[PDB]
Amino acid sequence: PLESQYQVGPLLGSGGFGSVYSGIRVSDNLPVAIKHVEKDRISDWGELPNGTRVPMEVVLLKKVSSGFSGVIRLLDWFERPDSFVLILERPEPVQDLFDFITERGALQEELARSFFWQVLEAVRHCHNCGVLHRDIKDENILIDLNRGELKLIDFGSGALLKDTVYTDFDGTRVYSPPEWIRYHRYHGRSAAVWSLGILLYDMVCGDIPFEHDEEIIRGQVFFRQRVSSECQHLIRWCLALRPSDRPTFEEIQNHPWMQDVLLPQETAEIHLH
Ligand SMILES: Cc1n[nH]c2ccc(-c3cncc(OC[C@@H](N)Cc4c[nH]c5ccccc45)c3)cc12
């Protein structure tokens, strides 16, 4: 009985991911998000440890959902005749990174450093749990405005982490690496790093660097806003045309621009409150 266990609120959004409603856990008034996904619209199917056919996101969220708060938590899930229903964490107040950047324009590098660091930690946590997100972008990052903490959402395009090639991609085109565009194949970590490069650019420039496939393939980064030489270098490094020329997570976090990051709470008090 999910209809009586959660008090359904307003529809927050809908699209290829399905339909996401605002919710309240009747048990303790905990703010939740209720996600509906039709079985026909499900591309990747997964298997629970107890052996049960289920949406891949459920499998992935289970592997990542622990104490760490850089990833959104799967609280529960139900199966309906023609759909699955996911119950998720909901911060409040909240705003995603896309709306935040849209509203504020390009971010100050101190703020972008904090946000980007937190994303890196979240992505690093996912890969540790054997999970690849495959659609890292502002729109899939929630900001806990009160705590200054960022959270990864939407693992519906994700996959089990592996060391061999991926030949399928269902993330956003303009966030996809040139090797996907050219060869329809990529590797997990190097492709994630590319999208992280796209993400960082968007934070400090207020917009995406590449619009068309030809721009992605060319890999020429033009900066439309004032950005420090350190940050430009890190961005151009993440956006190296050859995957093996891109930095590891460790190299990104050891980068000179990545130093002296603010704490999430400091971030909130300075940039959010
Ligand atoms: C608002 C919220 N709180 N917790 C969660 C968890 C998961 C989602 C979520 C799940 N699946 C897909 C999602 O899509 C995010 C974007 N790709 C699309 C989007 C843009 N604006 C909204 C508003 C509400 C839902 C989705 C989107 C998010 C949202 C929330």
Side-chain angles (χ1 to χ4, degrees), residues 12 30-33 64-72 75 88-129 131 133 136-155 192-193 195-209 223-238 247-273:
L12 296 184
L30 183 81
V32 299
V64 297
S65 319
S66 3
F68 184 66
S69 69
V71 180
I72 206 74
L75 301 172
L88 297 132
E89 246 201 304
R90 182 172 51 96
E92 179 62 28
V94 76
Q95 180 181 43
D96 66 27
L97 187 50
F98 176 80
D99 292 332
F100 184 84
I101 291 176
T102 301
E103 178 177 340
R104 191 173 296 228
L107 303 190
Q108 300 177 15
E109 294 196 16
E110 184 189 64
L111 175 55
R113 174 180 304 111
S114 179
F115 281 4
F116 191 66
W117 181 270
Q118 296 194 37
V119 174
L120 280 161
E121 289 285 315
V123 178
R124 188 135 77 87
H125 167 78
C126 289
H127 293 203
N128 265 98
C129 299
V131 175
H133 187 283
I136 300 160
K137 57 178 177 182
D138 50 8
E139 202 186 56
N140 289 331
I141 294 163
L142 295 185
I143 304 175
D144 190 333
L145 293 171
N146 281 347
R147 297 190 178 276
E149 296 171 7
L150 268 52
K151 298 177 176 298
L152 248 47
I153 62 175
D154 187 18
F155 285 78
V193 165
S195 71
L196 289 167
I198 302 294
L199 170 73
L200 180 51
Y201 183 95
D202 184 72
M203 291 188 190
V204 297
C205 287
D207 206 347
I208 233 61
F223 286 86
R224 67 187 82 196
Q225 293 289 314
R226 166 63 201 197
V227 179
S228 69
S229 297
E230 336 275 338
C231 187
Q232 285 200 17
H233 176 271
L234 179 52
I235 288 175
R236 283 188 235 264
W237 195 6
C238 291
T248 60
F249 294 144
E250 182 180 12
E251 286 177 311
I252 296 177
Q253 295 194 294
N254 281 332
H255 192 277
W257 184 78
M258 212 74 259
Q259 294 315 304
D260 304 316
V261 67
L262 299 177
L263 305 172
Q265 195 55 65
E266 289 178 347
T267 301
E269 284 172 333
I270 295 174
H271 297 283
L272 265 38
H273 296 175

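In what follows, every heavy atom counts, from backbone to side chain, and hydrogens, waters and symmetry copies are set aside. The first residue of the sequence shown is numbered 1, and numbering continues consecutively from there.
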Can you see which heavy atom on [X] is nearest to which on [Y], and at what distance?
X	Y	answer
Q225	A106	CG-CB, 4.2 Å
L145	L272	O-CD2, 3.6 Å
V32	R90	O-NE, 2.7 Å
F116	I252	CE2-CG2, 3.8 Å
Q259	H255	NE2-O, 3.2 Å

Pairwise distance [atom1]([X]) to [atom2]([Y]) - rounded to 0.5 angstrom:
X	Y	atom1	atom2	result
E266	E110	CD	CD	8.5 Å
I270	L263	CD1	CG	9.5 Å
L97	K151	CG	NZ	14.5 Å
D144	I72	CG	CD1	9.0 Å
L200	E109	CG	CD	8.5 Å
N146	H273	CG	NE2	5.5 Å

Tell me, do [X] and [Y] make a side-chain contact under 4.5 Å, heavy atoms counted?
X	Y	answer
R147	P264	no
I235	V204	yes
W117	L262	no
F115	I143	yes
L152	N140	no
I141	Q118	no
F100	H271	no
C238	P247	yes

(request) Could you label the plane-to-plane angle of the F68 and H125 rings as parallel, tilted or perpendicular, counting under 30° as parallel and over 60° as perpendicular? (result) tilted
(message) Under the criterion side chain to side chain contact (heavy atoms under 4.5 Å, CB included), I'd like the reasoning laid out for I101 against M203: C-alpha separation, chi angles, the key distance, then a yes or no.
(response) CA-CA 7 Å; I101 291 176; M203 291 188 190; 4.2 Å; yes
(request) Answer yes or no: are there more than 12 heavy-atom neighbours, outside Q108 itself, under 6.0 Å from its atom CD? (result) no
(request) Please indicate whether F98 has more than 12 foreign heavy atoms, meaning atoms of other residues, nucleotides or ligands, lying under 6.0 Å from its CZ. (result) no
Quick one: does [X]'s side chain have a donor or acceptor within less than 3.5 Å of a partner on [Y]'s backbone?
X	Y	result
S69	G67	no
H133	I153	yes
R113	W257	yes
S114	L111	no

Can you sort out the partners of [X] under salt bridge (charged side-chain N to carboxylate O under 4.0 Å, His left out), two or more places apart, ordered by chain and number?
X	value
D99	none
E250	none
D154	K35

(request) Run the numbers on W237 and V193 for side chain to side chain contact (heavy atoms under 4.5 Å, CB included), then give the verdict. (result) CA-CA 9 Å; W237 195 6; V193 165; over 6 Å; no
(request) Would you check, one step at a time, whether the test side chain to side chain contact (heavy atoms under 4.5 Å, CB included) holds for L120 with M258? (result) CA-CA 11 Å; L120 280 161; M258 212 74 259; 3.9 Å; yes
